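S.K.: The file below is final-v3.pdb, PDB, C-alpha atoms (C1' of nucleotides):
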```pdb
ATOM      1  CA  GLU C  60     -45.250  30.424  25.634
ATOM      2  CA  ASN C  61     -47.409  27.313  25.647
ATOM      3  CA  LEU C  62     -47.740  25.009  28.651
ATOM      4  CA  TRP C  63     -44.523  23.177  27.723
ATOM      5  CA  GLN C  64     -42.267  26.163  28.410
ATOM      6  CA  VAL C  65     -43.864  27.171  31.717
ATOM      7  CA  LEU C  66     -44.070  23.620  33.090
ATOM      8  CA  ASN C  67     -40.376  23.010  32.324
ATOM      9  CA  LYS C  68     -38.431  25.991  33.712
ATOM     10  CA  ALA C  69     -37.595  26.669  37.385
ATOM     11  CA  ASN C  70     -38.688  23.076  38.226
ATOM     12  CA  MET C  71     -42.336  24.083  37.898
ATOM     13  CA  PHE C  72     -43.561  20.551  37.146
ATOM     14  CA  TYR C  73     -41.913  19.292  40.326
ATOM     15  CA  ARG C  74     -43.432  22.252  42.183
ATOM     16  CA  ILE C  75     -46.934  21.287  41.045
ATOM     17  CA  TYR C  76     -45.961  17.634  41.603
ATOM     18  CA  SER C  77     -44.978  18.235  45.256
ATOM     19  CA  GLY C  78     -47.920  20.615  45.747
ATOM     20  CA  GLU C  79     -46.235  23.851  46.723
ATOM     21  CA  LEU C  80     -48.870  25.607  44.575
ATOM     22  CA  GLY C  81     -51.878  23.627  45.807
ATOM     23  CA  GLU C  82     -53.302  20.131  46.230
ATOM     24  CA  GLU C  83     -56.197  20.794  43.872
ATOM     25  CA  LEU C  84     -53.555  21.707  41.296
ATOM     26  CA  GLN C  85     -51.854  18.394  42.112
ATOM     27  CA  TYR C  86     -55.134  16.816  41.066
ATOM     28  CA  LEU C  87     -55.305  18.813  37.829
ATOM     29  CA  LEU C  88     -51.760  17.821  36.966
ATOM     30  CA  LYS C  89     -52.400  14.163  37.721
ATOM     31  CA  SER C  90     -55.619  14.234  35.697
ATOM     32  CA  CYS C  91     -53.394  14.888  32.704
ATOM     33  CA  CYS C  92     -50.731  12.410  33.882
ATOM     34  CA  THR C  93     -52.126   9.159  32.431
ATOM     35  CA  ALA C  94     -50.699   6.030  30.807
ATOM     36  CA  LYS C  95     -52.038   5.527  27.283
ATOM     37  CA  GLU C  96     -50.792   2.434  25.500
ATOM     38  CA  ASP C  97     -50.310   1.461  21.863
ATOM     39  CA  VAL C  98     -47.876  -1.163  20.590
ATOM     40  CA  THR C  99     -48.390  -0.719  16.843
ATOM     41  CA  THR C 100     -45.470   0.727  14.828
ATOM     42  CA  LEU C 101     -43.137   0.080  17.761
ATOM     43  CA  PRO C 102     -40.194  -2.315  18.122
ATOM     44  CA  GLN C 103     -40.874  -5.565  19.970
ATOM     45  CA  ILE C 104     -37.813  -7.553  21.033
ATOM     46  CA  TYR C 105     -37.205 -10.535  23.296
ATOM     47  CA  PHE C 106     -35.154 -10.102  26.463
ATOM     48  CA  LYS C 107     -34.067 -13.099  28.513
ATOM     49  CA  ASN C 108     -35.518 -13.034  32.036
ATOM     50  CA  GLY C 109     -34.175 -16.402  33.186
ATOM     51  CA  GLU C 110     -35.505 -19.667  31.634
ATOM     52  CA  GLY C 111     -37.865 -17.546  29.534
ATOM     53  CA  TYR C 112     -38.240 -14.330  27.603
ATOM     54  CA  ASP C 113     -40.174 -11.074  27.936
ATOM     55  CA  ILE C 114     -41.351  -9.119  24.886
ATOM     56  CA  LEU C 115     -39.958  -5.675  25.646
ATOM     57  CA  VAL C 116     -41.289  -2.716  23.676
ATOM     58  CA  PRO C 117     -38.603  -0.017  24.043
ATOM     59  CA  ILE C 118     -40.029   3.498  24.247
TER      60      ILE C 118
ATOM     61  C1'   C L   1     -35.391 -14.329  16.903
ATOM     62  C1'   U L   2     -30.918  -8.450  17.780
ATOM     63  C1'   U L   3     -35.500  -0.193  19.315
ATOM     64  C1'   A L   4     -36.834  -7.387  15.575
ATOM     65  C1'   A L   5     -40.090  -6.553  11.175
ATOM     66  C1'   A L   6     -39.604  -2.081   6.208
ATOM     67  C1'   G L   7     -38.108   1.593   2.884
ATOM     68  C1'   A L   8     -34.436   4.597  -4.471
ATOM     69  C1'   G L   9     -32.349  10.959  -2.374
ATOM     70  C1'   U L  10     -32.247  12.286  -6.757
ATOM     71  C1'   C L  11     -30.947  16.591 -10.119
ATOM     72  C1'   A L  12     -27.942  20.991 -11.639
ATOM     73  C1'   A L  13     -23.410  23.709 -12.222
ATOM     74  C1'   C L  14     -17.444  28.866 -15.621
ATOM     75  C1'   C L  15     -13.574  30.591  -9.154
ATOM     76  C1'   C L  16     -11.986  34.365 -11.129
ATOM     77  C1'   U L  17      -8.309  37.829 -12.396
ATOM     78  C1'   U L  18      -3.782  40.871 -11.203
ATOM     79  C1'   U L  19       1.198  40.463  -9.678
ATOM     80  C1'   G L  20       9.713  43.015  -9.331
ATOM     81  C1'   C L  21      12.152  38.976  -3.206
ATOM     82  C1'   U L  22      15.208  41.834  -3.832
ATOM     83  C1'   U L  23      19.828  43.361  -1.183
ATOM     84  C1'   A L  24      25.967  42.335   0.869
ATOM     85  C1'   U L  25      28.760  38.394   2.415
ATOM     86  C1'   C L  26      37.220  35.918   3.656
ATOM     87  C1'   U L  27      35.570  28.999   5.718
ATOM     88  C1'   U L  28      40.514  28.496   7.529
ATOM     89  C1'   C L  29      43.886  27.103   9.578
ATOM     90  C1'   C L  30      47.166  21.910  11.275
ATOM     91  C1'   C L  31      49.359  17.314   9.522
ATOM     92  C1'   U L  32      54.400  10.787   8.833
ATOM     93  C1'   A L  33      49.902   5.739   6.524
ATOM     94  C1'   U L  34      53.371   3.187   7.845
ATOM     95  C1'   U L  35      56.714  -2.642   8.015
ATOM     96  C1'   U L  36      56.417  -7.438   5.668
ATOM     97  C1'   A L  37      55.744 -11.087   1.700
ATOM     98  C1'   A L  38      57.902 -18.052  -2.837
ATOM     99  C1'   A L  39      52.211 -17.660  -6.258
ATOM    100  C1'   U L  40      52.066 -22.457  -5.602
ATOM    101  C1'   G L  41      48.756 -26.119  -7.406
ATOM    102  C1'   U L  42      53.528 -31.225 -12.577
ATOM    103  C1'   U L  43      51.266 -25.042 -15.147
ATOM    104  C1'   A L  44      51.878 -28.011 -19.909
ATOM    105  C1'   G L  45      49.097 -31.063 -22.619
ATOM    106  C1'   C L  46      53.560 -30.090 -27.969
ATOM    107  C1'   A L  47      56.588 -30.406 -32.918
ATOM    108  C1'   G L  48      57.013 -35.248 -37.345
ATOM    109  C1'   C L  49      56.035 -39.763 -39.253
ATOM    110  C1'   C L  50      53.999 -44.780 -39.539
ATOM    111  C1'   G L  51      49.710 -45.150 -41.470
ATOM    112  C1'   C L  52      42.629 -44.918 -45.035
ATOM    113  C1'   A L  53      41.162 -42.906 -40.141
ATOM    114  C1'   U L  54      39.916 -37.115 -36.907
ATOM    115  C1'   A L  55      41.244 -45.934 -34.905
ATOM    116  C1'   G L  56      45.809 -47.358 -33.083
ATOM    117  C1'   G L  57      51.381 -46.946 -32.507
ATOM    118  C1'   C L  58      56.448 -44.615 -32.832
ATOM    119  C1'   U L  59      60.108 -40.402 -32.415
ATOM    120  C1'   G L  60      62.253 -36.333 -28.620
TER     121        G L  60
END
```
Let me see the structure of the file written as structure tokens.

M.R.:
Amino acid sequence: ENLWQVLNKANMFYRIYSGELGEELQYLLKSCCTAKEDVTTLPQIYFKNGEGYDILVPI
RNA sequence: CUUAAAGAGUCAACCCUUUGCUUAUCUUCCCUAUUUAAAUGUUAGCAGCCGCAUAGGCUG
């Protein structure tokens, strides 16, 4: 199994997330938990937010 | 300015063959269709003869 199987059974990602297996592991997990952004080849719609619109990109 | 914006699914074909749904059946008794009454509505628009008339008159 790759990392995707082991992190997703028996609530293992929440176990590393709440640090039952270690706070330095919490760090390792969060070092991979980042927000990378790209808006190309994605839908961009307008949603009314009250007297104006927001360009929502639904992911 | 709508998970906005955009897009060629194309092609091809042997469903075969086989077959016993036969067998025997009581439908059946019953019994009131009874009674009337204008056909009226002129109920016919005819037969000859006087005539050129299929115009018009006469005769019963």

S.K.: Output as a PyMOL selection string the set of chain L residues within 10 Å of chain C, with distances taken over only C-alpha atoms (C1' of nucleotides).

M.R.: chain L and resi 1-5

S.K.: Could you give me the axis-aligned bounding box of range 98-102 of chain C, with 4 Å of padding per side, as centre plus edge lengths in Å to one decimal, as AutoDock Vina command-line options?

M.R.:
```
--center_x -44.3 --center_y -0.8 --center_z 17.7 --size_x 16.2 --size_y 11.0 --size_z 13.8
```

S.K.: When you draw a straight line from CA of residue 81 in chain C to CA of residue 95 in chain C, how long is it in Å?

M.R.: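 Atom-to-atom, CA of residue 81 in chain C and CA of residue 95 in chain C are spaced 25.9 Å apart.
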
S.K.: Would you compute the distance between CA of residue 66 in chain C and CA of residue 97 in chain C? Give it in Å to one decimal.

M.R.: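 Separating CA of residue 66 in chain C from CA of residue 97 in chain C is a distance of 25.6 Å.
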
S.K.: Skipping near chain neighbours, those fewer than 5 positions away, what residues fall within 12 Å of range 46-48 of chain L using only C-alpha atoms (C1' of nucleotides), listed as a ChimeraX atom specification?

M.R.: /L:58-60

S.K.: Kindly give the distance, in Å, that separates CA of residue 91 in chain C and CA of residue 114 in chain C, rounded to a single decimal.

M.R.: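 So the two atoms, CA of residue 91 in chain C and CA of residue 114 in chain C, lie 28.0 Å apart.
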
S.K.: Would you save range 67-94 of chain C to a file, keeping N, CA, C and O atoms, as a PDB file, in the first residue's frame?

M.R.:
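result_8.pdb was written with the following content:
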```
ATOM      1  N   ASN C  67      -5.746   6.608   5.297  1.00  0.00           N
ATOM      2  CA  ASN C  67      -7.187   6.743   5.133  1.00  0.00           C
ATOM      3  C   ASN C  67      -8.004   5.598   5.724  1.00  0.00           C
ATOM      4  O   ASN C  67      -9.229   5.597   5.563  1.00  0.00           O
ATOM      5  N   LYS C  68      -7.393   4.625   6.397  1.00  0.00           N
ATOM      6  CA  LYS C  68      -8.179   3.655   7.153  1.00  0.00           C
ATOM      7  C   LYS C  68      -7.926   3.841   8.639  1.00  0.00           C
ATOM      8  O   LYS C  68      -6.870   4.343   9.039  1.00  0.00           O
ATOM      9  N   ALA C  69      -8.928   3.453   9.439  1.00  0.00           N
ATOM     10  CA  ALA C  69      -8.917   3.514  10.905  1.00  0.00           C
ATOM     11  C   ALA C  69      -8.696   4.931  11.431  1.00  0.00           C
ATOM     12  O   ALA C  69      -8.169   5.103  12.535  1.00  0.00           O
ATOM     13  N   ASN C  70      -9.130   5.929  10.646  1.00  0.00           N
ATOM     14  CA  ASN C  70      -9.016   7.361  10.961  1.00  0.00           C
ATOM     15  C   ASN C  70      -7.580   7.761  11.288  1.00  0.00           C
ATOM     16  O   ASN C  70      -7.324   8.488  12.249  1.00  0.00           O
ATOM     17  N   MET C  71      -6.638   7.262  10.486  1.00  0.00           N
ATOM     18  CA  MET C  71      -5.224   7.486  10.760  1.00  0.00           C
ATOM     19  C   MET C  71      -4.825   8.937  10.516  1.00  0.00           C
ATOM     20  O   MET C  71      -3.988   9.477  11.252  1.00  0.00           O
ATOM     21  N   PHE C  72      -5.430   9.591   9.519  1.00  0.00           N
ATOM     22  CA  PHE C  72      -5.113  10.993   9.266  1.00  0.00           C
ATOM     23  C   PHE C  72      -5.613  11.886  10.393  1.00  0.00           C
ATOM     24  O   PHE C  72      -4.969  12.883  10.730  1.00  0.00           O
ATOM     25  N   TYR C  73      -6.759  11.550  10.989  1.00  0.00           N
ATOM     26  CA  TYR C  73      -7.199  12.300  12.157  1.00  0.00           C
ATOM     27  C   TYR C  73      -6.355  11.973  13.382  1.00  0.00           C
ATOM     28  O   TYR C  73      -6.240  12.803  14.290  1.00  0.00           O
ATOM     29  N   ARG C  74      -5.788  10.766  13.435  1.00  0.00           N
ATOM     30  CA  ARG C  74      -4.922  10.397  14.548  1.00  0.00           C
ATOM     31  C   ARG C  74      -3.604  11.159  14.501  1.00  0.00           C
ATOM     32  O   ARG C  74      -3.105  11.615  15.537  1.00  0.00           O
ATOM     33  N   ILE C  75      -3.025  11.305  13.309  1.00  0.00           N
ATOM     34  CA  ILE C  75      -1.842  12.144  13.152  1.00  0.00           C
ATOM     35  C   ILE C  75      -2.218  13.616  13.298  1.00  0.00           C
ATOM     36  O   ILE C  75      -1.440  14.426  13.820  1.00  0.00           O
ATOM     37  N   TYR C  76      -3.435  13.974  12.881  1.00  0.00           N
ATOM     38  CA  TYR C  76      -3.912  15.350  12.968  1.00  0.00           C
ATOM     39  C   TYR C  76      -4.151  15.789  14.413  1.00  0.00           C
ATOM     40  O   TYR C  76      -3.905  16.951  14.747  1.00  0.00           O
ATOM     41  N   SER C  77      -4.645  14.897  15.276  1.00  0.00           N
ATOM     42  CA  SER C  77      -4.813  15.232  16.688  1.00  0.00           C
ATOM     43  C   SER C  77      -3.600  14.857  17.531  1.00  0.00           C
ATOM     44  O   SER C  77      -3.600  15.114  18.741  1.00  0.00           O
ATOM     45  N   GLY C  78      -2.567  14.291  16.918  1.00  0.00           N
ATOM     46  CA  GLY C  78      -1.306  14.029  17.589  1.00  0.00           C
ATOM     47  C   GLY C  78      -1.333  12.945  18.640  1.00  0.00           C
ATOM     48  O   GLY C  78      -0.683  13.083  19.684  1.00  0.00           O
ATOM     49  N   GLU C  79      -2.069  11.866  18.391  1.00  0.00           N
ATOM     50  CA  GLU C  79      -1.953  10.701  19.251  1.00  0.00           C
ATOM     51  C   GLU C  79      -0.684   9.911  18.971  1.00  0.00           C
ATOM     52  O   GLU C  79      -0.274   9.106  19.812  1.00  0.00           O
ATOM     53  N   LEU C  80      -0.056  10.127  17.814  1.00  0.00           N
ATOM     54  CA  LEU C  80       1.179   9.447  17.449  1.00  0.00           C
ATOM     55  C   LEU C  80       2.387  10.380  17.470  1.00  0.00           C
ATOM     56  O   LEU C  80       3.462  10.003  16.994  1.00  0.00           O
ATOM     57  N   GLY C  81       2.235  11.589  18.005  1.00  0.00           N
ATOM     58  CA  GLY C  81       3.380  12.466  18.173  1.00  0.00           C
ATOM     59  C   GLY C  81       3.233  13.851  17.581  1.00  0.00           C
ATOM     60  O   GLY C  81       2.688  14.014  16.486  1.00  0.00           O
ATOM     61  N   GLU C  82       3.727  14.861  18.300  1.00  0.00           N
ATOM     62  CA  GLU C  82       3.643  16.240  17.832  1.00  0.00           C
ATOM     63  C   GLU C  82       4.657  16.545  16.739  1.00  0.00           C
ATOM     64  O   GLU C  82       4.448  17.463  15.936  1.00  0.00           O
ATOM     65  N   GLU C  83       5.768  15.815  16.690  1.00  0.00           N
ATOM     66  CA  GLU C  83       6.697  16.038  15.592  1.00  0.00           C
ATOM     67  C   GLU C  83       6.142  15.418  14.316  1.00  0.00           C
ATOM     68  O   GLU C  83       6.398  15.912  13.213  1.00  0.00           O
ATOM     69  N   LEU C  84       5.337  14.363  14.457  1.00  0.00           N
ATOM     70  CA  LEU C  84       4.572  13.850  13.324  1.00  0.00           C
ATOM     71  C   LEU C  84       3.480  14.825  12.896  1.00  0.00           C
ATOM     72  O   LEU C  84       3.186  14.921  11.697  1.00  0.00           O
ATOM     73  N   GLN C  85       2.890  15.553  13.841  1.00  0.00           N
ATOM     74  CA  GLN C  85       1.903  16.569  13.480  1.00  0.00           C
ATOM     75  C   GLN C  85       2.589  17.545  12.552  1.00  0.00           C
ATOM     76  O   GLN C  85       2.015  17.967  11.554  1.00  0.00           O
ATOM     77  N   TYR C  86       3.829  17.898  12.879  1.00  0.00           N
ATOM     78  CA  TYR C  86       4.581  18.835  12.053  1.00  0.00           C
ATOM     79  C   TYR C  86       4.811  18.261  10.663  1.00  0.00           C
ATOM     80  O   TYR C  86       4.611  18.952   9.673  1.00  0.00           O
ATOM     81  N   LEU C  87       5.221  16.999  10.583  1.00  0.00           N
ATOM     82  CA  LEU C  87       5.490  16.375   9.294  1.00  0.00           C
ATOM     83  C   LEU C  87       4.236  16.375   8.443  1.00  0.00           C
ATOM     84  O   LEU C  87       4.281  16.687   7.252  1.00  0.00           O
ATOM     85  N   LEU C  88       3.111  16.027   9.052  1.00  0.00           N
ATOM     86  CA  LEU C  88       1.851  16.025   8.331  1.00  0.00           C
ATOM     87  C   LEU C  88       1.536  17.410   7.818  1.00  0.00           C
ATOM     88  O   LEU C  88       1.214  17.579   6.648  1.00  0.00           O
ATOM     89  N   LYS C  89       1.649  18.410   8.684  1.00  0.00           N
ATOM     90  CA  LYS C  89       1.305  19.775   8.300  1.00  0.00           C
ATOM     91  C   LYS C  89       2.295  20.381   7.318  1.00  0.00           C
ATOM     92  O   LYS C  89       1.971  21.347   6.630  1.00  0.00           O
ATOM     93  N   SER C  90       3.498  19.817   7.233  1.00  0.00           N
ATOM     94  CA  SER C  90       4.470  20.292   6.256  1.00  0.00           C
ATOM     95  C   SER C  90       3.998  19.882   4.875  1.00  0.00           C
ATOM     96  O   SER C  90       4.313  20.540   3.887  1.00  0.00           O
ATOM     97  N   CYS C  91       3.241  18.792   4.798  1.00  0.00           N
ATOM     98  CA  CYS C  91       2.680  18.388   3.518  1.00  0.00           C
ATOM     99  C   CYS C  91       1.320  19.045   3.285  1.00  0.00           C
ATOM    100  O   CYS C  91       0.892  19.196   2.148  1.00  0.00           O
ATOM    101  N   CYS C  92       0.640  19.450   4.354  1.00  0.00           N
ATOM    102  CA  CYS C  92      -0.661  20.108   4.223  1.00  0.00           C
ATOM    103  C   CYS C  92      -0.529  21.581   3.844  1.00  0.00           C
ATOM    104  O   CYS C  92      -0.553  22.445   4.717  1.00  0.00           O
ATOM    105  N   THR C  93      -0.393  21.874   2.552  1.00  0.00           N
ATOM    106  CA  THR C  93      -0.274  23.263   2.100  1.00  0.00           C
ATOM    107  C   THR C  93      -1.392  23.658   1.141  1.00  0.00           C
ATOM    108  O   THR C  93      -2.125  22.792   0.655  1.00  0.00           O
ATOM    109  N   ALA C  94      -1.528  24.957   0.864  1.00  0.00           N
ATOM    110  CA  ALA C  94      -2.524  25.399  -0.100  1.00  0.00           C
ATOM    111  C   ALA C  94      -1.816  25.937  -1.333  1.00  0.00           C
ATOM    112  O   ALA C  94      -1.290  27.055  -1.312  1.00  0.00           O
TER     113      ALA C  94
END
```
